[PDB]
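With the first letter of the sequence shown counted as 1, position 152 gets the number 267 in the entry's author numbering; the numbers rise by one all the way through. Accompanying notes for the structure given below.
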Amino acid sequence: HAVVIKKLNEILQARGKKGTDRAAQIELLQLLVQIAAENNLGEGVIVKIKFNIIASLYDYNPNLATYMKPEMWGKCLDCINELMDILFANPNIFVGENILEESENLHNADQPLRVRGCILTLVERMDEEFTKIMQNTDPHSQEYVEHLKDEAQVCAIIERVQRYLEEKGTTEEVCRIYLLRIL
């Protein structure tokens, strides 16, 4: 428990500091993420780990001069799909239903879009960066064709994410992934 929380929080705080090695920050999250240790084990730990893991990857690329790598795009997709699989295996039971999501706290405020809306944005990044590759590659090279092979895999996540939102779905979820789906 407290080991996990303190680790994760120390990491998040450290991330908000200018000089950071992003490679090591990612690798640490991953080593941290598995939680082989019994205290580490648990679904909230997994979800709250991934939630800060995905943008942790996306952010590192932005700081560095722009480049397109097939491998880099691929593994973050794996991350998002794993979070989605965990949430799917959850069956909308992580919130302790509806009447009480969790034991009440006066300080705490909970919004479904607020915590669970962020998910969509992740997907969107996957798409946007992906587009940035198709622009930056050579039009007639085979690499372009391979990237266009990745397009389908993005569409997959759009639909899947849409469906999870419908099962636990909240209003205005449809408007953006419907748009991407159209595009």
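For every residue, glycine included, the Cβ atom is placed at its ideal position computed from N, Cα and C.
For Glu243, the secondary structure class from DSSP, reduced to helix, strand or coil, is helix.
When the beta-carbon positions are compared, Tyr259 and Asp265 stay at least 8 angstroms from each other. Between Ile297 and the set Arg278, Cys270, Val276, the nearest pair of CA atoms involves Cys270. Between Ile141 and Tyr175, the beta carbon gap of about 7 angstroms places them in contact (Cβ cut-off 8 angstroms). Under the DSSP assignment, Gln226 falls outside any alpha helix (DSSP H); it carries neither an H nor an E label. Separation of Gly284 and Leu235 (C-alpha to C-alpha, rounded to the nearest whole angstrom) is 11 angstroms. Here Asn251 has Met183 as same chain residues with Cβ atoms under 7 angstroms from its own Cβ, once five neighbours each way along the sequence are excluded.
When the Cα atoms are used, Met249 and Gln257 turn out to be separated by approximately 12 angstroms. Here DSSP, grouped into helix, strand and coil, assigns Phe166 to helix. If you ignore the 5 residues before and after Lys163, its C-beta comes within less than 8 angstroms of the C-beta of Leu123, all in its own chain and listed in chain order.
Contact check for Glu282 against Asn205 fails: the beta carbons are separated by 8 angstroms or more.
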